[PDB]
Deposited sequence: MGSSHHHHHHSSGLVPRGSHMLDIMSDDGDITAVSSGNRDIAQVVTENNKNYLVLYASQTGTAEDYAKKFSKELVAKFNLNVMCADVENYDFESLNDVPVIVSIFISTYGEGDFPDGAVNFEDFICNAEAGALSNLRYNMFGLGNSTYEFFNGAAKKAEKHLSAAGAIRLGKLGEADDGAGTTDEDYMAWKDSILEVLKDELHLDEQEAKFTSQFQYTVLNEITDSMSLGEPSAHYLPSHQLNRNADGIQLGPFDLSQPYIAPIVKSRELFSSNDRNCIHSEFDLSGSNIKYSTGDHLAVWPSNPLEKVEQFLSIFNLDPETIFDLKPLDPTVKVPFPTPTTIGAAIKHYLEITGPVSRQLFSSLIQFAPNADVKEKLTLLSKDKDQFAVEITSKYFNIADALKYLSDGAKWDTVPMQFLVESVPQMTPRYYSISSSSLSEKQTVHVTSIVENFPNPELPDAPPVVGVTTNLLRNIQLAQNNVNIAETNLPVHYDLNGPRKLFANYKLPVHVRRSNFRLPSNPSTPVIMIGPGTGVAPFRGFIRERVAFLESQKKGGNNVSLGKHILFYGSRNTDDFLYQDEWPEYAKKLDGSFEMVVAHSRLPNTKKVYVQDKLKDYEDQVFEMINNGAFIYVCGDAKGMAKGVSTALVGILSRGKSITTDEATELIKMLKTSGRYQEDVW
């Protein structure tokens, strides 16, 4: 049932691929690899989520295993794949003696513990007596080489497995794990885009009561945005403040948690995709698993349009592996040839597709000069194109003062193609989707706005009506000290200020209560290092002076602006060296350090910064201080909510 060694044997699998992914990236490649392992060897491969099974019987596995794991927290395994982490990190000496495995670890060198998950996992496996086969792969999203790094590790391991297994090669060739059987009569027992398959007509009374049941990746709660405003005084850039209403359900979130927003690709894009392949969005269809191991991607049956709009991540960078897997369905002989050369030349792919920021469709239109690919099966796509993942946003509202509502401040990703000037702006999906709503919620003449794409605000069967979207809440560790007296140091550049908006709202709804009688019992010094380009992207500028008051002399916000006219750039990490002594004191007083935001280089920087502050302050070596910081990160006094 949920037993590994048992599942593999009963199904006669001769190769087990395991993935421990959080945002589908590892699941994505784990699949590219597993599929290509049947593409050249036709091995019956079981590509499973290291989260659905139980690994007690791991050692009893009779095949060789591929592990695709990503890194989180501080060398942490993706959540809901902790069992695996425990087991592995626990199995004693020679406890996996029979295991033959090879591994690929996705990570981002801009965080400490680069590829820590997989580094650790292979440290234990070793000690557990298992035998690693090829070299240990490290994808580095930091430098944006993930894909090209996978390609490399891939080639290698493919060679190695060829030997170990004495496998004969063959020409590549796609094999569906399902049974694609077109249909005719759209039933209500099927899906038109409903996220989870519980939101099916044949399944809750539209006008019902307080929705229950655990809501999450498997079952998201359709919630309504009850408020939305723009946050930037800018002309180009824009950032949306959204207020979802979760009262209709029993979702109790904490301050510091995250919100997972399930999108639906742009309309201009879903179209560009259906076109190049010459697909009929209406084509109803269904997917039958060819065995208890293959799990159905999404709710089925369904129409092709719904799957391209609600199920398939069509937008985004193109994997060079997807080109190599297309030769089979080339449109014409001249294509099949270029598709090949490209699928083989690291550089040429960059040059002709990657550096130009094409999307699957954009890319293939390019190669064929508009020549349609009526040869690509849908089954192919449903297994060859990544599933759409919800995007996580730091919760900007306080649970204490906004228990029922969830705030989400999300900067819109939407920049000009740096290569093809005449080309459409590189847009993110969930961000603009929120904007289209925000714009439409307020009654703005979108036609006059600079919006880049347009979304089906109605949804499945007007399931998204009243500006709703699928959502759930991820419980995090990002928490404000227990003792309302402990000191607090917050560092959140731009977007990353969100967790501190909560922190303050929260620390205010509190001091408020204590004032309403209970006798306000002190309140530690809270410092917030914010930072943005200028005064047009200054998040919630208007709000801080208000909080500053209710907080007494306990609050203090230091600001830093980078893009400020005639002024030397300045980051929040700079203001730290500026305010070092005060910082150093707050720390010596037990303060808590919170670093949130997008750490392109903000994690290491801010870290290096606090190490500078400490080394200097304690008058010790730079390595010593560094250690000191690591000890805090380990204790929990230095928390990071960076992406």
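Gaps without C-alpha coordinates occur at 1-37, 241-242, with positions taken along the deposited sequence from 1.
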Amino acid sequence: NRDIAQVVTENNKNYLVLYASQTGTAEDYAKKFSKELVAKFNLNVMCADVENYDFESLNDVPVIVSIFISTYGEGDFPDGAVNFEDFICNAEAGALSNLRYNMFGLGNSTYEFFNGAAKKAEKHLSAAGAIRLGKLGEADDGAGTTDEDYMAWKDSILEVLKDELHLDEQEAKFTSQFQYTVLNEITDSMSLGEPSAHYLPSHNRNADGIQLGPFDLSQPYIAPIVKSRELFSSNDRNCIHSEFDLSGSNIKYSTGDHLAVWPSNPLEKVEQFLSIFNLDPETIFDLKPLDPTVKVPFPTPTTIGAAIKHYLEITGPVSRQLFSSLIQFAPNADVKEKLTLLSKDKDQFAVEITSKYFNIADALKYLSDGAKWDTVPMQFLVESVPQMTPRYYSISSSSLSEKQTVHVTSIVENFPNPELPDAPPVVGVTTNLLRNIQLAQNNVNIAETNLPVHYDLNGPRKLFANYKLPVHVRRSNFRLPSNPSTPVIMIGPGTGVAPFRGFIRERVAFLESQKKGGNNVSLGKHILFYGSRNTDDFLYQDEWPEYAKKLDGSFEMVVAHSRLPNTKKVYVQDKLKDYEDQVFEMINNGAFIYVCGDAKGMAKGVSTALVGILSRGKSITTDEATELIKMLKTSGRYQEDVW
From here on, numbers count along this sequence of modelled residues.
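Once the C-alpha B-factors are averaged per stretch, 276-284 and 566-574 rank with 276-284 first. Averaged over their C-alpha atoms, the temperature factors of 185-193 and 472-480 are higher for 185-193. Across 106, 497, 103, 378, the entry's maximum B-factor at the CA atom is seen for 378. Highest CA B-factor among the listed residues (412, 81, 118, 560): 81. Ranked by Cα temperature factor within the chain, residue 58 sits in the middle third according to the deposited record. Residue 67 sits in the lowest third of its chain by CA B factor, as recorded in the PDB entry. Ranked by Cα temperature factor within the chain, residue 620 sits in the highest third according to the deposited record. The deposited CA B-factor of residue 40 belongs to the middle third of values across its chain.
Residue-level temperature factors show residue 466 in the highest third of its chain, judged at the C-alpha atom.
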